[PDB]
Structure formats: structure tokens, C-alpha cells
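Counting starts at 1 for both ligands and their atoms, in listed order. Side chains are part of it too, since the values below use all heavy atoms of this structure and drop only hydrogens, waters and symmetry mates. Sequence lines set the chain letters: A, B, ... in the order given, protein chains first and strands last, and positions in each chain run from 1.
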Number of protein chains: 2
Amino acid sequence: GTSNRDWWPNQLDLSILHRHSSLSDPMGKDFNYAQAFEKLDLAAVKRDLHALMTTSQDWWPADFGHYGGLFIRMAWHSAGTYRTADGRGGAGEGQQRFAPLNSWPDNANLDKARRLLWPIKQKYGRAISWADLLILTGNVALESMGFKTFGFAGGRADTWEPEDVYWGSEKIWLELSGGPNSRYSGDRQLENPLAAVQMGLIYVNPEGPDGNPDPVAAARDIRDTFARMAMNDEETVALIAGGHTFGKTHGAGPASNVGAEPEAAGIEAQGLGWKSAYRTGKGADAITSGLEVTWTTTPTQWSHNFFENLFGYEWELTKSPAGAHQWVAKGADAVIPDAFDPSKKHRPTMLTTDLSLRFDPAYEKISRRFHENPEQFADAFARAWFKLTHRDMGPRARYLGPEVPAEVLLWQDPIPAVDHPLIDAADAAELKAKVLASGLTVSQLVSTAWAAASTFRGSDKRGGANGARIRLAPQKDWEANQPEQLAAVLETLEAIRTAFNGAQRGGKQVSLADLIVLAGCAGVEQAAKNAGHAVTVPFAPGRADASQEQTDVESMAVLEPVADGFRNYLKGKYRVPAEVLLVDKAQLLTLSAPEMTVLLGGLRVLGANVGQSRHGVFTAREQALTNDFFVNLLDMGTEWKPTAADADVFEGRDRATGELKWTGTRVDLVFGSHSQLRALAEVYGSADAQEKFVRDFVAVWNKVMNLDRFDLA
Amino acid sequence: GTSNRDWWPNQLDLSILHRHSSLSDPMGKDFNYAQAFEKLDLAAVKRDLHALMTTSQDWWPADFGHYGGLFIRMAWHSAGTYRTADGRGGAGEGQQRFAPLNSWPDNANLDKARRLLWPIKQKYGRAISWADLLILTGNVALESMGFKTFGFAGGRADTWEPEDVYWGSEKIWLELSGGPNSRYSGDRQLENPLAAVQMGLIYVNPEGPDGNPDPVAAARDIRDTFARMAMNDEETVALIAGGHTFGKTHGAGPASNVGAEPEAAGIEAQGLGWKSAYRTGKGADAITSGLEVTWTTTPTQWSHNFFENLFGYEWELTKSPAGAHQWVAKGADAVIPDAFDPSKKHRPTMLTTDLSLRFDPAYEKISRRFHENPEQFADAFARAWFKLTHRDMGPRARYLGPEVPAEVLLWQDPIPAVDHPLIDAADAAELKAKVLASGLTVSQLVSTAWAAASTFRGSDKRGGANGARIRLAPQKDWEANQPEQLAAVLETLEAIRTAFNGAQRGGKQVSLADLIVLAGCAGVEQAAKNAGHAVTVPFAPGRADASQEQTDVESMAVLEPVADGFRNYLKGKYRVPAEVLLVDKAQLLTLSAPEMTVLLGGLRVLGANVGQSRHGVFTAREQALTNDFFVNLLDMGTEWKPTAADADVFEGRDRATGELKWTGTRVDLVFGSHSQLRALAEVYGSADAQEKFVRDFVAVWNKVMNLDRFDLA
Ligand code: HEM
Ligand code: HEM
Ligand code: NA
Ligand code: NA
Ligand SMILES: [O]
Ligand SMILES: [O]
């Protein structure tokens with residue numbers, strides 16, 4: 001059947017904003033996963049998982065009688081899709097069970113791992129999500145084999161359809177770099193937001209870059225991809241050596257024996273894939289990656305044998321039975337156990353990417369230190385495993401259960417506890433009036449609050465106005481935040497705050513994070529008043545102010561907006577049209593198309609544009625909250641044309657006189673062009689819509705202000 | 001960006017079930033269009049529409065100073081996508097304003113018509129939908145030009161995204177038949193459910209079949225397509241001749257002058273398309289279809305000139321200025337007015353498809369009768385225009401406003417008014433006990449009520465249990481309804497009914513339509529009791545029984561299910577896989593994926609399969625309402641394979657012994673295979689889910705029983 005996407009493959013796709021509807025969710029609209037999880041007997045689930053580890057099923061027999069290595073890989077892949085550039089991917093939504101991830105070649109045979117967990121899932125039901133269970137099972141695997149984990153938090157709610165993620169443009173699984181849709185350009189520069197070297201890989205190619213088995217070159221790819229998954233050199237070494245202390249790879253015969261991935265398999269496979277014609281097709285004959293490596297002499301026990309082997313031998317390039325490049329220890333004895341036959345032993349083996357840990361000079365130093373001090377290795381691996389598996393969970397307030405680590409980690413963007421009484425509704429009114437009396441304008445107040453709250457992204461639940469990090473490096477200096485303007489507003493607000501807090505009794509005080517939000521609320525109320533409408537904008541206190549010392553400046557860099565349609569802002573010239581980037585930002589903010597539309601139209605007439613640009617400011621009463629953007633956009637008395645100087649900027653002229661009325665960007669005009677957006681704009685531009693426009697704007701403003709408020713969840 | 005659809009183009013698309021979510025809708029979830037419409041000043045809207053007729057805008061000047069013809073085509077095209085096969089298309093959701101229909105070639109320049117209506121739409125706001133306004137505008141155009149319409153009902157709610165409709169598989173706009181994705185095969189057989197001869201056309205090619213200008217062959221295409229839009233020969237002749245009494249076609253220069261359709265145009269076009277480089281690009285120079293024909297000597301007034309010209313001249317094949325085939329009156333004088341220049345006149349002209357009305361022998365007789373008896377022509381056209389434009393609105397109960405015709409028409413599948421007291425809750429309890437005491441089984445009761453209620457489709461709101469048409473021709477003889485078994489059940493129910501009604505006072509009685517549904521409710525209650533659960537199933541009385549003479553048997557044929565996954569039924573072997581047909585059926589029933597899942601799993605264990613097939617009956621306690629379907633489907637102790645005798649039937653065998661445990665179809669197993677459906681099945685197959693399964697089943701059962709109950713809306 002030919003679809004709109006086929007006919008108009010470059011029109012904008014709004015369906016990404018309408019996922020996660022209550023229609024697709026089988027739980028009641030009242031279901032609260034956190035409440036279900038808080039009643040789970042987590043100890044009982046772990047005891048069941050522990051027993052599973054050594055209870056082999058004949059449809060996928062356990063290597064060495066222990067599934068631990070398989071489940072560690074499963075949990076690591078569940079997490080290992082994460083990209084810091086947009087916060088997409090990660091373990092937090094259990095997306096490994098859906099397309100495309102369930103059928104990525106790097107996820108081959110993890111369908112079996114997930115199926116092994118069905119009986120436990122079935123037992124505990126809605127009290128443990130698949131997303132939590134995946135991670136939990138990796139923890140229990142590690143515990144069962146003698147490794148002390150750093151802790152575990154539940155609270156990843158299950159999702160019910162695939163997330164819309166850009167995974168790259170290649171039309172061929174695992175395509176080598178340099179094709180017509182190459183994700184690389186220049187000197188092996190990986191395109192943002194990607195974090196893997198080939199379509200369908202988690203990070204890197206275990207044979208080496210584009211298959212070339214050079215551990216030094218491979219180390220470059222490791223370092224770049226891991227950095228794009230928020231991991232530094234020490235964390236990267238600890239993760240790879242830690243993981244590869246367990247289990248084995250599977251490459252017992254030629255890859256041409258392996259059939260269709262799960263999404264392409266026949267219905268009778270019941271969601272499983274990669275059925276293999278090679279001998280029994282499983283167990284001793286398994287083929288997964290094609291490589292056939294077992295790293296340590298005790299694959300079912302934590303040890304420091306990975307580094308003893310890496311540094312204790314020299315390595316020879318060889319081929320697996322499927323033809324994949326891999327390395328064997330020169331002159332070694334057969335000291336590694338076989339996974340099924342107690343009478344057979346094998347020489348130590350390694351992947352090209354394992355050897356990177358020795359042959360890259362900066363990794364070598366860390367690997368040596370971990371080899372000489374295995375307790376340092378164990379602690380680094382525990383911390384990194386925690387980080388990896390929790391990186392997209394959001395604020396610590398979302399962490400559930402009895403195993404949450406008490407240590408506050410800098411990577412969590414921590415928010416201090418509030419230890420004083422909060423402002424009440426009368427105090428909020430007094431502060432709104434003091435803010436308005438200071439002479440801060442609607443434009444300044446709205447722009448400042450927008451800048452602080454709009455860093456939130458629902459992908460990894462980082463950002464938001466909680467913390468007041470807008471006053472800190474690096475947010476205070478982002479160009480989108482207008483650093484000089486911002487500084488003058490913050491200075492005025494900080495004086496109001498000091499005066500209010502100094503006049504209190506009882507220990508009551510207001511955070512600057514709260515005041516910034518409240519002040520933006522006053523700005524929206526005043527704008528409504530300027531239009532003749534009396535509204536109260538909701539406000540919930542309880543944010544706290546984080547310090548510079550509790551803020552990782554480098555980690556914060558990925559939250560910088562380089563494109564923010566809501567402020568008509570674009571930091572440079574990009575390959576992706578600006579309207580596409582608007583919808584991308586709307587999705588990260590968790591907005592629907594109607595919400596996006598209302599919010600944009602309002603922000604335009606409130607003076608939220610960076611630099612005071614007049615683009616899209618289609619009103620003669622700026623700083624009044626009206627539906628003028630829509631009424632003027634939709635007026636067929638104006639004709640629009642792109643400018644000579646800039647094809648991305650348009651002039652609206654009176655059709656009859658030729659007089660210049662307005663200018664706008666693609667971001668503005670899309671609302672008059674795209675057939676679904678223009679239908680939304682028509683609702684808000686109708687004669688009966690001014691009260692609705694104000695109400696719906698106040699509601700979406702409040703939603704944005706509260707995106708990070710999981711303390712009130 | 002490579003997507004799941006790109007990698008796995010034949011996996012099933014469930015997003016079709018999650019359209020129309022409140023996410024995409026800018027109105028509140030409380031908005032009720034009927035209530036808004038009931039307050040509209042319809043008379044005021046019409047007076048604005050009358051004024052618009054002759055208010056020419058320079059950007060698309062009105063032919064003859066009057067936009068009536070353009071708006072008549074606009075309304076006709078809005079209605080003219082309707083297919084009786086699935087009830088999809090039609091004017092009832094205003095989908096002409098969205099992709100792909102807004103950009104179909106046959107809708108060229110109707111973007112101008114719709115934009116001329118924006119100021120009216122803006123003025124009245126939510127109180128008149130675009131869907132209603134399109135049709136109203138065509139009515140006002142006809143009235144303005146002298147033709148009295150039969151009536152008008154409001155109540156078409158606007159929609160906010162494109163409908164998922166199969167419009168054919170061709171990848172080229174307007175591709176001629178016989179290509180790699182031909183919609184024709186055999187002796188000019190058009191594939192179901194399609195109702196147009198080429199991709200992007202409303203019905204037929206105005207030059208003739210595949211462009212060949214043979215009016216007799218064209219007539220065959222006219223008759224087949226119009227039949228597939230619910231129109232017989234008399235209605236077809238009346239519509240074509242009635243429509244082409246007005247206005248003109250547009251073909252002033254070569255088609256190569258015409259630019260991108262709206263969905264491909266630049267953002268500056270602000271939703272419009274087909275910008276033309278030919279001279280002024282508009283008015284006297286307009287190019288729409290490429291034909292250049294004006295049918296009557298008074299194109300802005302109702303007349304009897306269409307048939308005077310059709311019969312009064314002989315016709316010669318010629319070409320338009322764009323090179324399109326059309327016909328000119330041999331030896332005629334220049335009697336037709338020009339649209340713009342009072343000093344020019346033209347010879348009468350006709351399309352190939354116009355001449356079909358004379359050269360097809362059956363149309364000739366109708367056309368002659370209409371020529372000789374123009375009052376008959378007028379009344380037929382008024383009735384047919386009403387039908388065309390309201391065909392998809394559903395029962396009469398949905399018709400709003402002061403212009404609804406009082407005459408009840410056969411095509412509306414009318415339901416008699418209820419004129420007696422309805423049964424109350426005590427009476428319902430008494431009838432359910434009598435039903436259960438009769439000896440009717442859970443299987444019979446459930447299967448019968450399912451058969452009655454599940455004929456509903458939300459596409460055109462035909463079907464459902466209202467009317468008791470299951471006891472009439474042709475429903476009582478459909479294979480899917482198990483005619484013999486059905487007859488036995490109905491005989492028992494009719495006896496119950498007779499006895500209950502004979503015992504009443506005060507004129508109370510129960511319809512058989514109600515009793516069918518109520519008896520199905522009793523069967524569901526009984527099934528829950530068989531499983532140990534105490535469940536009351538909601539029931540709403542008020543259905544009435546329609547007569548045979550109120551049931552057009554040929555019109556009812558298109559509701560016959562040839563595939564109904566919910567009864568594991570397929571009438572033959574089809575090119576579309578059965579699981580695709582299930583989701584299609586779920587969409588017509590208005591079900592979400594979780595609803596579809598729960599419903600199907602319950603029906604299987606209640607004995608709703610046609611022929612008492614064991615396919616998918618994964619329980620040892622049939623006729624008990626349990627979640628056994630899910631628990632057994634998801635059991636990894638069973639391995640499934642297709643049978644030797646039939647690749648569409650699967651055997652599930654114990655993995656350890658090889659013993660046969662179950663059989664299933666593709667419809668059954670998809671719930672175990674599709675990664676989103678299996679995630680749903682997992683929720684209902686969990687240990688905590690038995691009570692939820694029962695409750696969610698009763699809710700969806702009730703939903704289906706009430707799909708046609710617009711009397712209670
Ligand atoms: C450069 C990064 C990495 C590369 C290229 C890589 C590559 C691979 C490959 C190719 C396999 C074999 C799959 C098969 O045939 O079954 C595998 C296995 C494994 N990986 Fe990694 N890996 C990397 C990092 C990680 C990390 C960070 C972890 C966990 C912390 C991990 C844990 C494991 C485990 C436990 C297995 C064994 C699975 C089994 O016993 O079934 N790896 N790895
Ligand atoms: C065999 C069926 C039909 C064919 C092939 C057909 C074809 C066409 C074409 C090709 C045009 C010219 C488009 C343009 O260049 O502007 C047109 C115009 C029109 N048709 Fe039809 N038509 C059909 C049936 C109908 C019916 C059922 C109605 C209404 C009841 C209708 C009413 C109109 C009117 C009013 C116009 C004039 C538009 C104007 O003045 O701008 N037609 N038709
Ligand atoms: Na994420
Ligand atoms: Na329809
Ligand atoms: O891995
Ligand atoms: O038409």
C-alpha cells in the first residue's frame with residue numbers, strides 16, 4: 001500500500017509526537033508503576049533469578065551450565081544504545097524487546113536471553129517491568145558469580161511501542177563506512193547524534209574498524225563511541241575488561257547457517273530469530289557474532305584473569321570457524337574450559353577490541369593499574385556498571401527500592417534536599433508582584449524561565465529548571481541564553497530573593513530555582529493581563545539550588561541548545577531543516593503537536609526570541625498574550641517569499657500593495673504550510689479561540705516548568 | 001533516517017489502531033462537536049456562503065464571476081472517495097484537507113476552493129467543522145445557482161491527521177493499468193477494496209479508460225466505480241449530468257506549466273499547490289485537469305441544457321490546448337459563454353465520460369427519460385446528491401440541524417422508532433435467566449451476539465446489532481454466521497421474546513435486537529461463573545427491529561465478512577495475510593490494540609470460532625472466561641511449525657516429547673510473534689492478570705455491543 005511517507009519522503013513527521021497514547025497501553029490510565037514496584041518483593045525476584053542462572057533449558061543450553069555471561073551481555077546491550085547527544089537509547093524504556101533493537105545483529109540471540117526470563121516476568125507481573133528486569137538480571141548474574149554490585153534502582157516503566165530514534169541512514173545492516181549513506185566524514189568524524197560505528201552495532205566492530213583487525217585503530221573507535229555514551233577512559237576499560245571476564249562469544253560454524261532476525265522470521269518462531277542450520281543450532285554449536293573466544297579460565301566466576309591473560313601472553317591473529325578475525329595466545333597451553341565437554345580445553349583468545357586495552361597507550365596505563373590492583377578494577381567496574389545501567393533514569397527522586405546506592409554521584413546532576421518550609425500561595429503572590437514591580441519585562445521573565453526549564457529532555461530525563469543551573473557554568477554562557485541579558489535578570493531576581501528570605505521567620509525561604517520559575521509565571525500572568533485576561537498561572541515550589549561543585553560542566557555541554565525553534569534560534573547552518581529540528585525539540589520536551597503549536601505561537605508574541613528577532617513576531621502588541629501569531633500567519637492577504645540574502649528567511653507582503661508586513665523563518669511558516677500543523681493553527685486562529693488559546697498556553701507553559709519535578713510524581 | 005517499515009516492510013502496522021488519540025486533537029477531551037453545531041447559526045453561515053459565491057479573489061478569480069461550479073466539484077470530490085467495500089473515504093471526516101487527498105491530481109486547485117472558505121471557517125470556529133462546511137458549501141452553490149437541494153445534515157466531526165486507507169499499490173501518480181502494481185487483472189477486474197481506476201483519481205479517467213477515448217468502454221468503468229461508491233445507473237446519470245450542468249473544466253495550456261502539488265510545494269506556498277507558469281497562471285489561463293470543456297450555455301444557472309446538447313449534436317474527437325482528448329459539437333455555432341471575456345463564445349464540448357451517458361445503451365435510456373422529463377432529472381439529482389454527501393454519516397440519529405429531510409430513505413438502513421416502554425433491570429435479569437434455562441450454550445449465545453454486533457464499521461458507521469438484521473436476508477445466510485446454528489438460536493430467542501412480551505402490561509416489550517445482545521451478555525456472565533468469577537455484564541436496551549423491506553439486501557452484501565479473525569474465519573485464500581485482515585477488522589470496529597488482544601483471547605475460549613474449529617482454542621475449559629489463551633500461547637514448552645497440508649495452519653508440540661498440544665492459524669500465532677502484540681499478550685498472560693483480563697473483556701464486549709448506539713450518544 002503506497003503511503004504519505006512514500007509520496008512526500010521529506011515532509012515532516014508528526015507521529016513521533018503522538019506515541020505513548022493511553023490507547024496503546026494495556027494498563028489502566030490509573031496504573032502507577034512506581035507504586036506497583038514499591039510493593040514487589042525484590043528479594044524473592046532475585047532468588048528466582050539466582051536459580052535461573054544454573055537451570056539450563058534444552059532449547060538454548062547454558063554455556064558452562066551458567067547463563068550469567070549471556071544475561072550480562074543482555075543488560076549491557078539494553079543500556080549500550082544510549083547516546084549523550086540526545087539522550088535517546090538506553091535501558092530505561094526496555095526498548096530491546098521492540099523493533100528495531102530486538103533484531104539488530106549485535107543483539108543476536110538476546111531474544112533467547114529475554115525468553116528465558118518470561119517465567120519470572122509472568123510470575124511477578126506488572127510489579128516488575130521488563131525494563132527493570134533486564135537490568136536486575138544482569139545484576140543478579142554478576143552477584144551470583146562473585147561480583148559485588150554498586151546497587152540497583154527500579155522505576156523504569158515499560159513502554160508499548162518502538163521509540164522513534166534516528167539510528168543512521170544506511171539501508172544495509174552493518175554497512176562499512178564510506179557508502180552513499182556514510183555516517184563518517186572528514187578524518188573518521190562520526191555524525192551526531194550517532195554513537196556507533198555501523199548500523200546495527202552497539203558501539204564498535206569487534207574485528208576492528210570496518211573489519212580491519214588493528215587494535216590501535218580500534219581503540220580510537222572505542223574511545224569516541226564510549227565518550228558519546230558518557231564514559232571516559234577509566235570507565236571504558238573497566239566496563240570492557242569487567243564484562244569480558246565472563247562467558248564467551250559464539251562462532252562455531254559459518255554464518256551462512258544463521259537465518260532471519262526476529263522481525264523477519266516466520267510467525268512460527270514466536271518472536272525468536274537467528275535460527276541456525278549448523279549442527280544442533282545451539283549450545284556447543286551456537287553461532288551469534290561469528291567469533292569464537294572465551295577470555296578467562298573461570299568464565300562463570302569473577303576473577304582478575306582477563307588482565308592476567310591480556311598482559312601474560314603475546315597474541316596471534318587467527319580466524320574463528322565462521323571466518324571472523326580474532327586473536328589466540330602464542331605458545332599457550334589449553335587452560336580455558338570448554339562450555340559443554342569436560343574433557344576439552346582451549347588456548348586463551350581475545351578480540352581485537354580487547355587488545356585495544358593493551359595497545360592503546362592511554363588504556364594500557366589504566367589496564368596495568370587494574371591488573372596490579374584488582375580491587376581498584378572491581379570498584380571502577382561496579383561504579384561504571386551502575387552508571388551505564390542507570391544513566392537515563394533521570395533524577396534520583398525516580399529511583400525505587402531497597403538497593404539504591406546512598407552515594408550521590410556527580411553524573412546524576414544532583415539537587416540538594418530541601419530542609420526548610422516552602423513558600424505558600426500567598427507568598428507566591430507577593431513574590432510575583434515584587435518581580436513585576438522591579439521593572440523586569442514580560443519578555444525578560446518569559447525568556448529566562450524558558451531558558452531554564454527547556455533544557456529538559458524526556459529521552460534521559462536530564463535538564464529542567466530544578467537546580468538553578470542556569471546561573472552556573474556552562475548554562476549561563478550559552479549563546480541561546482543571552483548571557484548578558486540573563487545575568488542582569490538573575491541579579492535582579494537574586495536581590496528580590498535575598499529581601500524575601502531575610503524577612504521570613506520559621507526558616508521559610510525560596511530557592512532561586514523556584515523564583516526563576518515563579519517569575520516566568522508572573523510574566524505570563526502579566527502578558528495575559530496586558531491582553532485583558534486575568535489568569536492565575538499554576539506554580540509548584542520545591543526546587544533547590546545546586547552548586548557549581550555539584551555540576552559537571554563537560555557533561556552539561558550536551559544539553560546546550562543549538563536549535564530551539566521556540567526562541568527562533570539556530571546556532572549554525574545544519575543539514576537538517578529547521579522545522580525538523582523543531583519537532584525533534586518538541587519530542588524531547590514531551591509535547592504533542594497541539595502543545596507545540598500553542599506554545600510556539602505564544603512565545604513569539606511574548607518576546608521569547610533570541611536577540612529580540614522580529615521573525616515570527618506577528619503582532620502589534622508584543623508582550624500581550626494573544627492568538628495574533630495564528631490570525632496573522634493565516635491571513636491570505638499576505639504573500640510570502642524567500643529573501644535574496646537568505647532562502648531560510650521569508651518576507652510577508654500585503655498582496656494588494658506590496659507593503660512589507662512581517663518576516664519569518666521556516667520554523668514560523670511551517671505552521672502555515674504543513675497540512676496537519678496548519679489545521680492546528682486554524683483552531684487557534686479562529687474567532688472563538690482567544691480564551692482557549694490563553695488557557696491552553698498556560699497549561700503547556702506549566703507542563704514545561706514541571707517536566708523535571710519527579711519529587712512531586 | 002532508516003525506519004522499521006524500511007527494514008521489515010511486511011511486518012504488521014498497529015499504528016492504524018492508535019489514530020484519533022486525544023494527543024493529536026487540539027480540542028479538549030470534553031469537546032462535543034454535536035453540541036457545538038447545535039448552537040451554530042446555520043442561516044448566518046449560509047448567508048455568508050451565498051455572498052462568497054460572487055466575491056472573486058484575485059489570487060484565483062471566479063469563472064463567470066461565480067465560484068459555484070468550483071465548490072460543487074469540491075463537495076463532490078470530498079464525498080467521492082467513498083468505497084462501499086470498507087466504508088473508507090467519503091466526506092464525513094473532512095480528509096480532503098489532509099495528505100494524500102489534498103494533493104491528488106484529481107483534487108488539483110481544490111486547495112484554492114478550501115482556502116476561499118477559510119474566512120467563514122475562521123468566523124464560526126469550532127461550531128462548524130471543515131467536514132460539514134465542505135458539503136454545506138456545495139449545497140449553497142447549487143441553491144445559489146437555482147437548484148433546490150433535498151436537505152443537509154450537520155455532524156461530521158473534524159479529524160486531525162490522515163486516515164490510514166489503502167488507495168492502491170502503484171508508486172506513480174495516475175499510472176495506467178497493467179504496471180507492476182496493477183489494480184486491474186483479468187477482464188478489467190478492479191481489485192477490492194478500490195473504487196477508482198487509477199491512483200489519484202476519484203472514479204474514472206475523463207479521457208477514457210487508460211486514456212483511450214471510447215465512450216462505451218468508459219461507461220463500463222463508470223458503472224463499476226460508481227457501483228463501488230453505492231450508486232446505481234439512475235443515480236450515476238443523475239449525478240454526472242447534474243454536476244456537469246454547471247461550471248467548466250480548465251486546460252488553457254500545456255500541463256508542463258503546472259508545478260508541485262501541495263504536499264511537495266515550498267513552504268512559502270502556505271499550503272497551496274499547482275502553481276502554473278502559463279500566462280497569469282489562473283482565471284482565463286487556469287490549468288487543472290488539462291481538459292477545456294464548458295457544458296452549457298448558462299454555466300452559473302441550473303438548466304436542462306446538458307441533455308439538450310448531449311442529444312442535440314453529433315460529436316467529434318478533438319484535443320484541448322493541453323493535448324487532452326475531448327469532444328466538440330459538429331457544426332454548432334459558438335453559443336457557450338466564455339468565463340472571462342464577454343466578446344468570446346465557444347462551441348459546445350463534452351468529455352468522453354459525458355458521452356458515455358448517450359452511448360452506453362442502459363445509460364442512454366435514462367438520459368433520454370431525463371431529457372424528456374426534466375422534473376424527474378431534478379428530483380433524482382437532488383436525492384442522489386443528498387445520498388452521495390451523507391452516505392458515510394451513519395444512522396439518522398447522528399444527523400444534526402434544521403435541514404434534515406424528514407423522509408426516511410432505504411439506503412440509510414433505517415431503524416424504526418421505539419414507541420413503547422423499555423425493559424428495566426429487573427426485566428433484564430428475568431430474560432437472562434430464561435435464556436440460560438433454555439439450554440442455549442455459552443458458545444451459541446456469545447457467537448450469535450458477536451455475529452450481530454460485529455457488522456459495525458466506523459468508517460461509514462453502517463452495521464451493528466441495532467435492527468436485528470441478523471435474522472433477515474442476507475445476514476442470516478452468511479457463512480460466517482453459521483446459518484443453521486444461527487437459525488436454532490434465533491428460534492429459541494424468538495420463543496422467549498414472545499412469551500415475555502405476551503405476559504406484559506402497559507405496552508412494554510423487548511425487541512429481538514435487544515434480546516440477541518442481552519442473551520450474549522448472559523452467555524458472558526455464565527462463562528465468567530464457569531471460571532469462578534461473579535461478573536455482571538452491562539446492557540443498554542433500546543434497539544428496535546427493522547423489517548425485511550427496510551433492509552436493502554444488495555447494499556447489505558458489502559458488510560459480509562470474508563475475514564473475521566475474531567471467529568478465526570476466512571472465506572477463501574487471499575493475497576493479504578490473515579493477520580493484516582485482523583487488524584483491518586479491528587480498525588473498523590474502532591478497537592485499540594489492547595482491546596483487539598483481550599477480545600480475541602476471550603472469544604477463543606468462549607467457543608466463538610466458526611465451525612467450532614479448535615484453532616487457537618488454547619484451553620481445557622472451553623466456555624469458561626479465563627486468560628488461558630495467553631498463558632498457553634506464551635508457553636515456551638511448546639514449539640510451533642506450519643503443517644505440510646497447509647502453511648497457514650500451525651501445530652504446537654511439546655518441546656520435550658513431541659506430542660501435539662494445539663493447532664492455530666496465523667491470526668492466533670501473531671499474538672506470539674509480533675513484538676508489540678506479544679508485549680500485550682504477556683500482560684494478560686501474567687499471574688496477576690486473571691481478574692484484569694475478565695474485566696477488560698467485559699468492557700470491550702460491551703463496547704462492541706454498543707458501537708451503533710447513536711440513540712444514546
Ligand atoms: C568494545 C566494546 C565491546 C565489544 C566490541 C564487545 C564485543 C562482544 C562480542 C562480539 C561478543 C560475542 C557475542 C556472541 O557471539 O555471543 C561479546 C560478548 C560479551 N560481552 Fe562484550 N563487547 C564489548 C563490551 C562489553 C561490555 C562493556 C560488557 C559488559 C560490561 C560486555 C559483556 C560481554 C559478555 C558478558 C559477553 C559474553 C556473552 C555470553 O557469555 O553469552 N561487553 N562481546
Ligand atoms: C464520470 C464521472 C466524472 C468525471 C470523469 C468528471 C470529470 C471532471 C473534470 C475532468 C472536471 C474538470 C476539472 C477541471 O479541469 O477544473 C470536472 C468538473 C466538474 N465536475 Fe465532474 N466528473 C465526473 C462527475 C461529476 C459529478 C458526479 C459531479 C457532481 C455532482 C461533478 C461536478 C463537476 C463540476 C461542478 C465541475 C466544474 C468545476 C468548475 O466549474 O470549476 N462531476 N469534472
Ligand atoms: Na533514552
Ligand atoms: Na468513511
Ligand atoms: O558485548
Ligand atoms: O468532477
Check your understanding: Tell me, which protein residue and heavy-atom name are nearest atom 29 (C) of ligand 1, and how many Å apart are they?
Key -> A/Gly243 CA, 3.5 Å

Exercise for review: Identify the protein heavy atom lying closest to atom 28 (C) of ligand 1, giving its residue, its atom name and the separation to 0.1 Å.
Suggested key: A/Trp76 CD1, 3.3 Å

Exercise for review: Can you pull out the closest protein heavy atom to atom 30 (C) of ligand 1? Residue, atom name and distance to 0.1 Å, please.
Suggested key: A/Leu239 O, 3.3 Å

Exercise for review: Compare all side-chain heavy atoms of B/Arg223 with those of B/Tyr363 and state whether any distance is below 4.5 angstrom.
Suggested key: yes

Exercise for review: Give the atoms of ligand 1, by number and element, whose distance to some non-hydrogen atom of A/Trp385 is under 4.0 Å.
Suggested key: 30 (C)

Check your understanding: Judging by distance only, is a nitrogen or oxygen of A/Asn205 under 3.5 angstrom from one on ligand 1?
Key -> no

Point to revise | Whether over 12 other heavy atoms sit under 6.0 Å from A/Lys319 NZ | key: no

Point to revise | Enumerated ligand 1 atoms positioned under 4.0 Å from heavy atoms of A/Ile72 | key: 35 (C)

Exercise for review: Step through the shown structure and confirm whether more than 12 heavy atoms of other residues, nucleotides or ligands are within 6.0 Å of CG on A/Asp341.
Suggested key: yes

Point to revise | Closest contact, heavy atoms only, A/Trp315 versus A/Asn309 | key: CZ2-O, 3.2 Å

Review point. Any idea how B/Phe381 and B/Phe147 line up, ring-wise: parallel (<30°), tilted (30 to 60°), or perpendicular (>60°)?
Key: tilted

Revision key, fill the gap. re atom 37 (C) of ligand 1, the protein heavy-atom contact at minimum distance is A/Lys248 O, 3.5 Å

Point to revise | Closest candidate by heavy atom, reference atom 11 (C) of ligand 1, pool A/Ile222, A/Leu70, A/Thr245, A/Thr249 | key: A/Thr249

Check your understanding: Is there a heavy atom of A/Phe71 sitting under 4.0 angstrom from any atom of ligand 1?
Key -> no

Point to revise | Identity and separation of the nearest protein heavy atom to atom 18 (C) of ligand 1 | key: A/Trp295 CH2, 3.6 Å

Practice item. Flag this pair as yes if the NZ/CZ of A/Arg183 is under 6.0 angstrom from the six-membered ring centre of A/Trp167 and inside a 45 degree cone about the axis; otherwise no. Key: no

Review point. Which protein non-hydrogen atom lies closest to atom 16 (O) of ligand 1, naming both residue and atom, and how far is it?
Key: A/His250 ND1, 2.7 Å

Check your understanding: Can you check whether A/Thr353 has an N/O within less than 3.5 Å of an N/O in ligand 1?
Key -> no

Review point. Looking at A/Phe381, which atoms of ligand 1 are within less than 4.0 Å of one of its heavy atoms?
Key: 30 (C)

Check your understanding: Can we say A/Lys344 and A/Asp338 salt-bridge, meaning some charged N sits less than 4.0 Å from an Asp/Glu carboxylate O?
Key -> no

**Study point:** Close side-chain approach of B/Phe307 to B/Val237, heavy-atom, < 4.5 Å
**Key:** yes

**Study point:** From the candidates A/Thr294, A/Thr288, A/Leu351, the one that places a heavy atom nearest atom 9 (C) of ligand 1
**Key:** A/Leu351

Practice item. Pull out every atom of ligand 1 sitting under 4.0 Å from any heavy atom of A/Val204, numbered as shown with elements. Key: 1 (C), 5 (C)

Review point. Does A/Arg188 come within less than 4.0 Å of A/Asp210, counting only side-chain N to carboxylate O?
Key: yes

Review point. Of the listed options (A/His244, A/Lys112, A/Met231, A/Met74), which comes nearest to atom 4 (C) of ligand 1 when hydrogens are ignored and any heavy atom counts?
Key: A/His244

Point to revise | Where ligand 1 meets A/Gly247 - atom numbers and elements under 4.0 angstrom, heavy-atom basis | key: 40 (O)

Practice item. Name the option, out of A/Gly69, A/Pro206, A/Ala238, A/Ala141, that contains the heavy atom nearest to atom 10 (C) of ligand 1. Key: A/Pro206

Check your understanding: Parallel, tilted or perpendicular for A/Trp295 and A/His244, by the 30°/60° rule?
Key -> parallel

Practice item. Answer yes or no: is there an ion pair linking A/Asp379 with A/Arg383, defined by an N-O contact shorter than 4.0 Å? Key: yes

Point to revise | Atom NZ of A/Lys275: over 12 foreign heavy atoms under 6.0 Å | key: no

Practice item. Ignoring angles and geometry beyond distance, decide whether A/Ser289 reaches within less than 3.5 Å of ligand 1 through its nitrogen or oxygen atoms. Key: yes

